[PDB]
Each structure stands twice: as structure tokens, then as C-alpha cells.
Amino acid sequence: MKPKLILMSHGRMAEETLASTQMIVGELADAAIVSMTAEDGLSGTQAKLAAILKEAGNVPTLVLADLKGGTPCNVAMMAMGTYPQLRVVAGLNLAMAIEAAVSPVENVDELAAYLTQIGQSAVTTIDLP
Amino acid sequence: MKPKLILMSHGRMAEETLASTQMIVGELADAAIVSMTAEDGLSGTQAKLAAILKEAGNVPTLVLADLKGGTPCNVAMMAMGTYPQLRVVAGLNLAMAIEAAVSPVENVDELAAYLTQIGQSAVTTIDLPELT
């Protein structure tokens, strides 16, 4: 067993990140997606996430959110008041999604910490000789 | 800003990253995009970036690439041998794109260093306060 994965973003970034991840790891990438439109706002985004979390119930779950302090990330954070096995990591990049897809890490806290280090290590300037 | 921006990725991730950025910072967020499809491979990806870089000439430019070691990033890296004022940062996330879009930083090396720091700081585990 493995935490369930959800990618959340403004607009269609998260949906395309999943699709891009599938170019590298194929069907191993299978996260649920919350794509906040401008029509959604806070309440629409909350409802979208709530439909996913309600359908899963009290199971280890990790949201990879696009951006600290954006409405999608805020909504994921506020859901942690309800779901004790939900964790959230912000700053979604493709390395994080690939590693989340392939990681055998079971524990949701360990997975969050690992993907946090992965995502940070993935950001570098490409420095030529 | 100063440097021209290019976002590059496998698939349409870069494309939608720009769209999301514009919806946060406004219509002034601008970047060229390379979307490497499953049919592109090396030559097609090289050609897509070359069309953009050739159009702009020897102008300070920053590529924000999705993933180190991927073909999009490698293609950007290879272009640096031809374009002396091009730099590349890998690990694109939304915070990096927002900050790039509004940054008034004119020097390319300063801008790459800044966005590297932004992109790393952007990645954190999120917690509700506990104050109850």
C-alpha cells in the first residue's frame, strides 16, 4: 500500500503535469486532478477536492499543489482539518510527479519529506564548463 | 522584463504553466513555449527551440525547463554553445514562472540565480497552523 496521489493547480497545469509524467513513466502515473478554473473560486475548488476525498475516505493521501498560498494549495491545506491522513506538498515540478509515481514509500509523512527533497534538488541552474 | 523567457517541457506542461501565470500576474506575463510531443524527439525539439532563438538573435534569454536530463532541458543546454546570453534553469514550478514574469532583473546570470532560489524555496510541506 501507497498513499493516493492528487495533483492540484490553478488552471490546467496539474492535468498537463500528469500527462507529461506519463510520457516518462507511462500508466504508473495515475493521480487524481483538481484544476481550479476562474469560475470555481474558493468554494468550487473546495467542492472538487471534497468530492475526491469523500470518495476515498480516511486513507493516506498526498496532494502535490502548484503554489504556496494559492487558492488550490490553501484548499488542500484546509482539508487537513478534516482528513488526518492527508498531507500536502507545494511547488509541484515534473521531478516530484515522476518520483511520486514510482516511489514505493508507504508512509505518507515519509513520502511528503522525500518529495520535498526531490522537488528542491530538481531546481538548478544548468551550468556549462 | 530584461531577458526574454522561454518555458520548455515534455508535453504541454510549460504551455499551461504560462497560462496559469498570466492568470495570476496578468497579461504582461510573456514567454515563448516549447512543447515536446511524443512525436518530436531530438531533431524536432531542437528545431522548435532553434526557431524561437533564431527569431530573437543575440538577446539575453532564460529557458525555464521542466526536468534536468530530459530532452527539452538537454536541447536548451546544447543551445547555450551557440547563444552566449542564453541561460537555463531546470525544475520549473509555478512560483518560478510567476517571479520570472514580474522580475525587473536585467542581468541573465542574476535572474537565473534568483529563480533557482525561488524555485527551491517554493517546494515545502504544507501544514495547517495548530493554534486550537
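The chains referred to below are lettered A, B, ... by the order of the sequence lines, with proteins before strands, and numbering in each begins at 1. Only this structure's heavy atoms are used, side chains among them; waters, hydrogens and symmetry mates stay out.
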Backbone N/O of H10(B) and side chain of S20(A): donor-acceptor pair under 3.5 Å: yes
Please look at [X] and chain A and tell me whether the side chain, the backbone, both or neither of the residue comes under 4.5 angstrom of a heavy atom of that chain.
X: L128(B); answer: both
X: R87(B); answer: neither
X: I98(B); answer: side chain
X: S35(B); answer: neither

Atom [atom1] of [X] and atom [atom2] of [Y]: how far apart are they, to the nearest 0.5 Å?
X: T37(B); Y: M23(A); atom1: OG1; atom2: CE; answer: 6.5 Å
X: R12(A); Y: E16(B); atom1: CZ; atom2: CD; answer: 5.5 Å
X: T17(B); Y: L67(A); atom1: OG1; atom2: CG; answer: 11.5 Å
X: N93(A); Y: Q120(B); atom1: CG; atom2: CD; answer: 10.5 Å

For chain B, the option from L115(A), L128(A), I24(A), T21(A) that forms the most heavy-atom pairs under 4.5 Å: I24(A)
Chain B interface, residue from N74(A), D127(A), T124(A) that has the most non-hydrogen pairs under 4.5 Å: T124(A)
Should [X] and [Y] be counted in the same cluster of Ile, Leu, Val, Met, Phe, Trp and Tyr side chains packed under 4.5 Å apart?
X: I52(B); Y: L5(B); result: no
X: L86(A); Y: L111(A); result: no
X: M80(A); Y: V75(A); result: yes
X: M78(A); Y: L7(A); result: no
X: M13(A); Y: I33(B); result: no

Toward chain B, the part of [X] with a non-hydrogen atom under 4.5 Å:
X: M36(A); answer: neither
X: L92(A); answer: backbone
X: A19(A); answer: neither

Neighbour count above 12 (heavy atom, 6.0 Å) for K68(B) NZ: no
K48(B), NZ atom: more than 12 neighbouring heavy atoms under 6.0 Å: yes
Single hit among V89(A), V88(A), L62(A), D109(A) for side chain to side chain contact (heavy atoms under 4.5 Å, CB included) with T125(B): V89(A)
Side chain to side chain, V63(A) and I126(B), heavy atoms closer than 4.5 Å: no
Residue among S121(B), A122(B), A90(B), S9(B) with most heavy-atom pairs under 4.5 Å to chain A: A90(B)
Top of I118(B), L18(B), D66(B) for chain A proximity - count of heavy-atom pairs under 4.5 angstrom: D66(B)
